[PDB]
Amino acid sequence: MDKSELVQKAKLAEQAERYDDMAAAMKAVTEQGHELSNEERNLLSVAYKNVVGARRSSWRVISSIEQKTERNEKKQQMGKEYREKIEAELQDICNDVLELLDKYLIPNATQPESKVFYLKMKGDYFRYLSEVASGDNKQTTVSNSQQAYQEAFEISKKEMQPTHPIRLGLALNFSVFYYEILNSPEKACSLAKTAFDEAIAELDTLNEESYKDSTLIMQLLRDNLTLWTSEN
């Protein structure tokens, strides 16, 4: 199968909502060692976000059921083991994408825009690992998520305008990392507010291609800030 066939397969699988097939096809593209187009970047990201996102959603449902269940071993055992099964799937999926990013995508990125895109992804999948990790493993995933986000953040601040959707989307997810993983609401709020303020200060730089994503992300920044500051 040549790359052109794998990409067409990924597109068909997306249309059919067969995200395992979609992710398998884009993993195969990536493992052939050549750099991705913008479209192929989005196919890879959409595929793996749907695959991991199903487990993240399932995990929250099961964890919520455990918390409403009588607190004894016979009533809790199945939910605990089932949650752990979902966690191991999530870890396998995240380890999969993180290997692709570290071995192929990041070292070979040809422009700061794609490099930031991939480092943001690396921070994301280490964040999803951190959502369910524990012990020494969690300290490692939290550290690696922070490092990838911060490196992407430094590059974006040197190379991208504050209205750039990748820079805004990075700042949004980095702020979520601070709030949800590091339990540091002050830095999270300060990062989210600054990202919004810097984009609206340079609103005249927002172009047609970016308008939809950048204004959506700006709204999510405000949505998060109201949610986060409602903990008074």
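So that the term is clear: the rigid core is the largest set of C-alpha atoms that superpose within 1.5 Å between two forms. Throughout, we count residues from 1 along the sequence that is shown.
Larger root-mean-square CA separation from the shown form, computed after a rigid core fit of the structures in 8 other deposited structures of this protein, is seen for 186-194 when 60-68 is set against 186-194. Core superposition of the other structures onto this form places the C-alphas of 130-138 farther off in 8 other deposited structures of this protein than those of the other stretch among 97-105 and 130-138. For the pair 129-137 and 89-97, the record assigns the higher mean C-alpha temperature factor to 129-137. Checked against the record, the higher mean CA B factor of 177-185 and 40-48 lies with 177-185. Residue 28: CA B factor in the highest third of modelled residues in this chain (values from the PDB entry). The PDB entry assigns residue 122 a C-alpha temperature factor belonging to the lowest third of its chain's modelled residues.
Residue 11: CA B factor lies in the lowest third for its chain, per the PDB record.
For residue 155, the recorded CA temperature factor ranks within the lowest third of the chain's modelled residues. In the deposited entry, the Cα temperature factor of residue 194 places it in the middle third of its chain's modelled residues.
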